[PDB]
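One chain comes next, on its own, written out as structure tokens in the form deposited in one PDB entry.
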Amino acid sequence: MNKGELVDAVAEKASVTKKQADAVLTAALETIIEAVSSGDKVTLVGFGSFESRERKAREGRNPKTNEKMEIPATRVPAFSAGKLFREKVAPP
């Protein structure tokens, strides 16, 4: 399922137009990105939570030259699945 196919179902479920369903979904996804980036954890009950996970430098290897290198420290987006999400994917 891509964004467009999701919008169709959302516009159907929420009884709104596809242009509206997209505009809201766009806003929702952009806001989650902004919030996480600003170091804020985004929690959505049932579904899950988003946060930034810190990551220190690690050793790596150049596949073309076999030469060892250091992959620099960085910040990554993370996701934790809520109870309802994990239970729909794997019922107790």
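Between two forms, the rigid core is the largest collection of C-alphas that superpose within 1.5 Å. Position 1 is the first residue in the sequence shown; the rest follow in order.
Chemist: If you average the CA temperature factors as listed in the entry, which stretch comes out higher, 23 to 31 or 41 to 49?
Modeler: Higher of the two, by average CA B-factor, is 23 to 31.
Chemist: Looking only at CA atoms, which has the higher mean B factor in the entry: 7 to 15 or 70 to 78?
Modeler: Going by the record's values, the stretch with the higher mean is 7 to 15.
Just so you know, the form deposited in another entry exists too; it's not on screen, but the next bit is about it.
Chemist: Where does the C-alpha shift reach 2 Å or more between this form and the one not shown among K19, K68, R75, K83, given a fit on the rigid core?
Modeler: The answer here is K68.
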